[PDB]
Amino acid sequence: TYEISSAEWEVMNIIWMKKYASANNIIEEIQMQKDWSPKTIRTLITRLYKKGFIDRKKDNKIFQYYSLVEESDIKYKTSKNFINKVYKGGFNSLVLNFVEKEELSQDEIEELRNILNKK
């Protein structure tokens, strides 16, 4: 529980990627998609720190940020909220809508099948 913005998702996704990332890694990475200033981005990092979503160690002189949060857990709780809002008909509404509308590759399709078979 407790919302995080689109921008915070971007920082977090990156920490869940390199596991440990310095402020500058994060700025370098992010600046590849979005045209944000370092100031802007440094702020986001601070808000997640102050917020307790992430913490930092200190390899060498440099500060490495890591997650104090359960990825699959927060994203999940986040999709639950997403569905409740948009798809009144539940999870299945979403999938039924995504399927008829997305031209899925045979591979993409198969990939979804054994995902359902694995318990």
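The numbering used is simple: start at 1 and walk along the sequence shown.
Student: Please compare 41-49 with 59-67 and name the stretch with the higher mean C-alpha B-factor in the deposited structure.
Tutor: Stretch with the greater average CA B-factor: 59-67.
Student: Can you tell me which third, lowest, middle or highest, the CA B-factor of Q33 falls into for its chain?
Tutor: Within its chain, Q33 is a highest-third residue by C-alpha B-factor, going by the deposited values.
Student: So where's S105 on the chain's Cα temperature factor ranking, which third?
Tutor: Highest third, going by the recorded CA B-factors of the chain.
Student: Comparing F82 with the other modelled residues of its chain, is its CA B-factor in the lowest, middle or highest third?
Tutor: Within its chain, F82 is a lowest-third residue by C-alpha B-factor, going by the deposited values.
Student: Rank-wise, by C-alpha B-factor, drop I4 into the lowest, middle or highest third of its chain.
Tutor: Middle third.
Student: So where's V95 on the chain's Cα temperature factor ranking, which third?
Tutor: Middle third.
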